[PDB]
Structures are given as structure tokens and as C-alpha cells.
Amino acid sequence: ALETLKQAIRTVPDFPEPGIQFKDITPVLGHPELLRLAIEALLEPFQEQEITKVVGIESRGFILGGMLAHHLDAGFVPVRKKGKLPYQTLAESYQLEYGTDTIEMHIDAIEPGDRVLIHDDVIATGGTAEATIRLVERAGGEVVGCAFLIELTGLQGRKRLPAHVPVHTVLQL
Amino acid sequence: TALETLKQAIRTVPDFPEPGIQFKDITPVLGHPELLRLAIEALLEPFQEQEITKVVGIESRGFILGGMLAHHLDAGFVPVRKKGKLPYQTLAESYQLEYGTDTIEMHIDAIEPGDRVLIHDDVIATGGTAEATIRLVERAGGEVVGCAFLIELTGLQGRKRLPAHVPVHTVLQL
Ligand SMILES: Nc1ncnc2c1ncn2[C@@H]1O[C@H](COP(=O)(O)O)[C@@H](O)[C@H]1O
Ligand SMILES: Nc1ncnc2c1ncn2[C@@H]1O[C@H](COP(=O)(O)O)[C@@H](O)[C@H]1O
Ligand SMILES: [Ca+2]
Ligand SMILES: [Ca+2]
């Protein structure tokens, strides 16, 4: 039971765009007792597993993503929306409900043989996490798993991800 | 000399984001577990025993080491962001650039009186953003125990822009 985490999550409708039922985890981030619980819960299924790199998906995935890398004595790799990373990148474009998005990762972020944990605060449709798995694999990384704080269960983002990747979600909202 | 290895790993990318800007890319430090460990240890050396309750990370690139600093210190983490980028109710600080103005924001429930706050960003350049961040934190009632930056662009003299009562620690001078 992780009720203290669940209770702390704020919903802000229409952020950053109308229609999005935004799950704001800043109340968790700001309280060390809850931050501790969140990190422990994210990491639990990955005990005693060699993790070389943690990928944090975009700005809000950098926050717990970095902590995970530090806690695991791993490197940290940012994956970003197109145009945000400074060095040469690999890119993946993907179809949305409406429109398309592109994410990128530095060409030297991941090396063949790296064991990689992919993190984001929230999985919604799973489109971004799917494309991130593709980036990591193109670089020769092996995806040990994805760890999300929150799954938006209604959207069934898990179904968008490939069968071969273990997916851990702490909260089902 | 461990620090010289950090220095050598920093990458400069010309003309990013806007032409003319000499971007300091810290991803080679972030990606290598040994360098990342050294970076965090160096940032925290003056601060480990200071009863810090909150670490502020300034914008996306400050969230990366910023979160690790909070986690390491058993402190809470607070994101500060450009205007409109945070979801909850905010307080805001506008500040002057060389051309025009910028505005940063923080959640109204992020910082309380009594909080002892460390402010982090990967790079300090003009110091405009960190100056405004100090103002935000202070208006919320926090005390800024210090700022910790990985990189100081000493040519831009950002230190001079920060108020004299706030200790400023930088790991690398570039
Ligand atoms: N309701 C939401 N609350 C917070 N973050 C969200 C929400 N929906 C999507 N995101 C984020 O937006 C990006 C797109 O998510 P996805 O639909 O899973 O590809 C990911 O970084 C998600 O974490
Ligand atoms: N040359 C640079 N390389 C990387 N980041 C930078 C550089 N110059 C400024 N920044 C970032 O841009 C923002 C504005 O910096 P400042 O001029 O110190 O207010 C801060 O988040 C800095 O970390
Ligand atoms: Ca360790
Ligand atoms: Ca707002």
C-alpha cells in the first residue's frame, strides 16, 4: 500500500493543453519522506540487477530519472523532444492520436551492451516510451525495464509497448 | 586531478540554441557513472553538513543533477521553471536580460519559512536566472544556504550579479 504517495498526487486539468488530465508529482518531490518512498518503489523490481544507464524521458522524467541513476551508480541519459539536445542525435518519429512527435538521444549516449532502465514520471499512451525503447535498442542498449511512477490505466499505454520489455508502474491512476 | 577529468569531459557545441552561444554540454559527465559520482561529490562538498531541507533545480537541465543533490541530502526537490511551464499555482519573478526580460516561477507550496535551500543549475552564465531564483526562494520564506553550479563561465562574471549574502560554489571554471 502506497496511499501516502497516491494522496499527494495533484490533478490539474487542461495542462499543458486542454483535455490533458495532468498528474502533478511535485508534492511527492518536495517531501523527502515521500520522495524516499517513490524511489524505493520505482527500484524494487530491479534489485541486484546490473544497470549501466538510466534514461529519463524529457524534463519531468529527468527529476526522478537522475535520482535513479545516482542510486544505482549508473550513468544518466536524457531523451528529449526534437531540437532540445545540443550534440548529434538519433531520432524517432511516431504517430499520435492527432499529429506526430519526434524524440532524440545523443549518438554517444548508449553503447552496445549497456543495460538500460527507462524512466518517466507518467506513462499515458505509451507512444513516447515505445519510441525511447527504439532509440536505446538502435544504440545497442538492452532494456532491462521501464519504471514509471504513474500509469494512466484508462489509456492502456502498456499495450503500446513491445512484449519483450518489462514494465513497472508504482501507481495506477 | 579527478576534477581535471571532469573538465576534459565537458563538450562545447557552437551555435546552440541560438547562433553565437557557446553551449556547454555536460552529457558526457552525466553518462559516465564515475564522472557523475565525482560531479555530485564536488557539488556537495561545502553543503553536506548544512541541514538543507530543499534543493531547487533551475529548469530542465538543472533538474538532472538537482534531483540527485536532493536525494543525496535527504532533502525535498523543487523545480523552478520559465513562465507557464509549471502546472500548479505559482509565484513569479521577472528579471532583465541584455535584450528584454524573462520570468521564472515556482509553485506557491514549494518552499516554507524556515526552509534551508540549496539552489542548483548546471551552468551559471550571466547569473540573471540564479539571481531571480534567490529572490523567489526568499519571498517564499526560505533561506538560501548557497548556490552550487557545475560550471561557472567566469568570463561572464555571473558571480557579480548574485547578492553578496549568498555563498556560491562552482566546481569548474570555464
Ligand atoms: N496526464 C498526464 N500527466 C502528466 N504527464 C503526462 C500526462 N499525459 C502524458 N504525460 C507525459 O507526456 C509525455 C507523453 O506521454 P505518452 O502519451 O505516454 O507518450 C510523457 O512524458 C508523459 O509522461
Ligand atoms: N554556454 C552555456 N551552456 C549551457 N548552458 C547555459 C549557457 N549559458 C547559459 N546557460 C543556461 O542558460 C540559463 C541562463 O543563464 P544565466 O545567464 O546565468 O541566467 C541557465 O539555466 C544556464 O544554465
Ligand atoms: Ca552507491
Ligand atoms: Ca500558470
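All of the numbers you see were taken from the coordinates with simple rules; none came from a lab. Please note: Cβ atoms are built from the backbone with ideal geometry, for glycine as well, and neighbour counts cover all protein chains shown.
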Original post:
(1) within 17 Å of residue A:130 (Cα to Cα); (2) under 17 Å from the mean Cα position of the chain (by Cα): which one isn't true of residue A:45, the others all being true?
Top reply: (1)
Original post:
Are any of the residues in the range A:96-108 without any contact (Cβ under 8 Å) to a residue 60 or more places away in the chain, surrounded by fewer than 20 Cβ atoms within 10 Å (Cβ to Cβ), at the interface with chain B (Cβ under 8 Å from one of its Cβ atoms) and not small (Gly, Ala, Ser)?
Top reply: yes
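For the range A:119-129, check the following and say yes or no: at least one residue is more than 26 Å from residue A:7 (Cα to Cα), touching a helix residue (DSSP H, G or I) at 6+ places or on another chain (Cβ under 9 Å) and not in a strand (DSSP E or B).
In the first step, residues of the range A:119-129 are kept if they are more than 26 Å from residue A:7 (Cα to Cα); the result is A:127-128.
Next, only the ones that are touching a helix residue (DSSP H, G or I) at 6+ places or on another chain (Cβ under 9 Å) stay: A:127-128.
Checking which are not in a strand (DSSP E or B) leaves us with A:127-128.
Within the range A:119-129, one or more residues are more than 26 Å from residue A:7 (Cα to Cα), touching a helix residue (DSSP H, G or I) at 6+ places or on another chain (Cβ under 9 Å) and not in a strand (DSSP E or B).
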Original post:
Residues of the range A:16-30 being part of a strand (DSSP E or B) and more than 7 Å from chain B (Cβ to nearest Cβ), which ones?
Top reply: A:21, A:23
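Please verify whether the range B:140-152 includes one or more residues that are within 12 Å of ligand 2 (Cβ to nearest atom) and within 15 Å of residue B:116 (Cα to Cα). Even if it seems obvious, please write down each step before you answer.
Just the residues of the range B:140-152 that are within 12 Å of ligand 2 (Cβ to nearest atom), to begin with: B:147, B:149-152.
With within 15 Å of residue B:116 (Cα to Cα) added as a condition, the list becomes B:147.
So far as the range B:140-152 goes, yes, one or more of its residues are within 12 Å of ligand 2 (Cβ to nearest atom) and within 15 Å of residue B:116 (Cα to Cα).
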Original post:
Out of all the residues in the range A:133-153, which are of a type outside the set (A, V, I, L, M, F, W, C) and closer than 21 Å to residue A:41 by Cβ?
Top reply: A:145, A:151, A:153
Subject >> Close pairs (8 angstrom Cβ cut-off, 6 or more residues apart or separate chains): free of Cβ contacts under 8 Å to residues at least 24 places away in the same chain and away from ligand 2 (no atom under 16 Å from the Cβ) in the range A:19-30, in a helix (DSSP H, G or I) and not aromatic (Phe, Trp, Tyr) anywhere >> reply: A:27/A:8; A:27/A:34
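Out of curiosity, is residue A:12 surrounded by 14 or more Cβ atoms within 10 Å (Cβ to Cβ), outside any loop (DSSP other than H, G, I, E, B), over 17 Å from the mean Cα position of the chain (by Cα) and not acidic (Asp, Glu)? Break it down into steps so the answer makes sense when it comes.
Working: surrounded by 14 or more Cβ atoms within 10 Å (Cβ to Cβ): yes; outside any loop (DSSP other than H, G, I, E, B): yes; over 17 Å from the mean Cα position of the chain (by Cα): yes; not acidic (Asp, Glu): yes.
Answer is yes for this residue.
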Original post:
Consider residue A:18 against the criteria (1) of a type outside the set (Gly, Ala, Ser); (2) crowded, with 17+ Cβ neighbours inside 10 Å; (3) within 26 Å of residue B:82 (Cα to Cα): it satisfies all of them except one. Which criterion is unmet?
Top reply: (2)
Original post:
If you scan the range B:31-51, which residues turn out to be hydrophobic (A, V, I, L, M, F, W, C), more than 10 Å from every other protein chain (Cβ to nearest Cβ) and touching a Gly at 6+ places or on another chain (Cβ under 9 Å)?
Top reply: B:47
Subject >> Filter pass, residue B:94 being touching a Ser or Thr at 6+ places or on another chain (Cβ under 7 Å), among the small types (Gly, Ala, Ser) and within 16 Å of ligand 1 (Cβ to nearest atom) >> reply: no
Subject >> Matching residues in the range B:31-59 - criterion: being of a type in the set (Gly, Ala, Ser) and either exposed (fewer than 14 other Cβ atoms within 10 Å of the Cβ) or touching a residue at least 40 places away in the same chain (Cβ under 8 Å) (or both) >> reply: B:39, B:42, B:57
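Does residue A:144 count as more than 13 Å from ligand 1 (Cβ to nearest atom) and in contact with a strand residue (DSSP E or B) (Cβ under 9 Å, 6 or more places away or on another chain)? Walk me through it before giving the result.
Numbers: more than 13 Å from ligand 1 (Cβ to nearest atom): yes; in contact with a strand residue (DSSP E or B) (Cβ under 9 Å, 6 or more places away or on another chain): yes.
Answer is yes for this residue.
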**OP:** Name the single residue, out of those in the range A:72-90 being more than 7 Å from chain B (Cβ to nearest Cβ), surrounded by fewer than 24 Cβ atoms within 10 Å (Cβ to Cβ) and more than 16 Å from ligand 2 (Cβ to nearest atom), that is nearest to residue A:134 (Cα to Cα).
**Re:** A:90
Subject >> Number of the condition not met by residue A:24 [criteria: (1) at negative phi; (2) more than 16 Å from ligand 4 (Cβ to nearest atom)] >> reply: (2)
